[PDB]
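For reference, the chains in residue letters:
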Amino acid sequence: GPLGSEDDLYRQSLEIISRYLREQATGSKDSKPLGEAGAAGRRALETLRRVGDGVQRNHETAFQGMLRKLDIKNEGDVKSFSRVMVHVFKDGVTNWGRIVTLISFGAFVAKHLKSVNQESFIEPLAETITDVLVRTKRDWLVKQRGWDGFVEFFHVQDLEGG
């Protein structure tokens, strides 16, 4: 049925986004590792976790001004996320770092939404951030084998080049 000409990545992009945003919102480290998303999720949830911890420390100024400018009240405030969706890739040249900031913002905003006890809008929050993530950078995701590519860019563990 679903399997065919539909979207295979989206399924994953969601599996990992949920897994990531869920572990972030709670703040507690997940004990159960990946086992459905495949290879991407395994190295993604761990990579994204690290890049996120850094992104937040690197954007604390931006993140503070971005979320402060917004104000999640209902599922309608998600429109504000759409604004940052574009503002994230403001630069003509597309870089994984930019896409990392997008996932980094909503991920940080999700944990923020949970800090105020509004998980109600969180469920749709994650569903949107993901949709808008793979659906906004689909062409790229298709031109860069999506998920696998993301990790291809971050195939570095304890090594640094440039």
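Cut-offs and rules
- Residues numbered from 1 in each chain as written, not as in the entry; some residues may be left out.
- Heavy atoms only, no water.
- Helix = DSSP H or I, 4+ residues; strand = E, 2+ residues; numbered from the N terminus.
- Rg over C-alpha atoms; globule rule 2.2 N^0.38 Å.
- Buried < 20%, exposed > 50% of the residue type's maximum accessible area, 1.4 Å probe, protein only.
- Contact = heavy atoms within 4.5 Å.
- Areas by Shrake-Rupley, 256 points an atom, 1.4 Å probe, with all protein chains shown as cover.
- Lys, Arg positive; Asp, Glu negative; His and termini not counted.
- Charge placed at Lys NZ, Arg CZ, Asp CG, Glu CD.
- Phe/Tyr/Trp six-rings, centres within 6.5 Å; stacked < 30°, edge-to-face > 60°.
- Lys NZ or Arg CZ within 6 Å of the ring centre and 35° of its normal.
- Salt bridge = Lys/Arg side-chain N within 4 Å of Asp/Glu carboxyl O.
- UniProt positions renumbered as here; feature names shortened; annotations may be inferred.
- Axes fitted to C-alpha atoms, helices over the stretch in contact; angles between N-to-C directions.
- Parallel < 35°, antiparallel > 145°, perpendicular 65-115°, else oblique.
- Left-handed = near helix turned anticlockwise from the far one by under 90°.
- Nonpolar A, V, L, I, M, F, W, Y, C, P; charged D, E, K, R; others polar.

So what's going on with the overall build of the chain? Which residues, and what values?
The number of helices and strands found in the chain is seven helices and zero strands. The secondary structure elements of the chain, listed N-terminal to C-terminal, are α-α-α-α-α-α-α. Relative to the 2.2 N^0.38 estimate, which gives 15 Å for 162 residues, the radius of gyration of the chain is 15 Å and therefore close to what a compact globule would have. Taken along its principal axes, the extent of the C-alpha atoms in the chain is 45 × 40 × 35 Å. With 162 residues in all, the chain has 40% of them scored as buried. For the chain, contacts bridging at least 24 residues in sequence account for 74% of all contacts bridging at least 6. On the chain, roughly 10600 Å² of surface is accessible, and the fraction owed to carbon and sulfur atoms is 45%. Taking the 24 positively charged and 23 negatively charged side chains of the chain as two groups, their mean positions are separated by 4 Å.

An account of the packing of aromatic side chains is requested, with residue identities and associated values reported.
The full count for this structure, using the stated rule, is eight aromatic pairs. Joined through ring pairs, the aromatic side chains of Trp96, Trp140, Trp147, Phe150 and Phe154 make up one cluster. When the ring centre of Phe89 is taken as reference, the NZ or CZ atom of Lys137 above it lies at 5.6 Å.

Before we move on, can you summarise the pattern of salt bridges with the specific residues and values?
Counting across every chain of the model gives seven salt bridges. A salt bridge links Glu23 to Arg49, with the nearest nitrogen and oxygen atoms 3.2 Å apart. With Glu23 in helix α1 (residues 8-26) and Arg49 in helix α2 (residues 39-69), this residue pair connects regions lying 26 residues apart in the sequence. Under the relative-accessibility criterion, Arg49 is labelled partly exposed at 25%. Of the charged contacts in the structure, one is a salt bridge between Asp91 and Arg98, with a shortest N-O distance of 3.1 Å. Linked through salt bridges whose partners overlap, the residues forming this network are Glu23, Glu46 and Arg49.

Give a description of the UniProt feature "short sequence motif: BH3" in the chain that names residues and reports values.
Per the UniProt record, "short sequence motif: BH3" is annotated on residues 44-58. In residues 44-58, the share of helix is 100% and the share of strand is 0%. The end C-alpha atoms are 20 Å apart.

Before we move on, can you summarise the packing of helix α3 (residues 78-88) against helix α4 (residues 96-115) with the specific residues and values?
When two helices pack together, their arrangement is captured by the angle between the axes and the distance separating the axes. At their nearest, the axes of α3 and α4 sit 9 Å apart, and the two run at 155 degrees to each other. If you check the angle between α3 and α4, you find them roughly antiparallel. Here α3 runs over α4; the crossing is right-handed. Residue-level inspection shows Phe81, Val84, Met85 and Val88 of α3 in contact with α4, the latter providing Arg98, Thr101, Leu102, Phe105, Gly106 and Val109. The residue inventory of the contact of α3 with α4, partitioned by class, reads seven nonpolar, two polar and one charged.

Now, about the UniProt feature "short sequence motif: BH2" in the chain: what can you tell me, with residues and values included?
Here the UniProt-annotated "short sequence motif: BH2" positions come out as residues 139-154. Within residues 139-154, the helical portion is 75% and the strand portion 0%, while the C-alpha atoms at the span's ends are 20 Å from each other.

Explain the environment of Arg19 residue by residue, including any values.
Relative to the helices and strands, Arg19 is located in helix α1. Along the primary structure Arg19 and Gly162 are separated by 143 residues, whereas in three dimensions their C-alpha atoms are 30 Å apart. Apart from residues lying up to four places away in sequence, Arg19 is in contact with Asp30 and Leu45.

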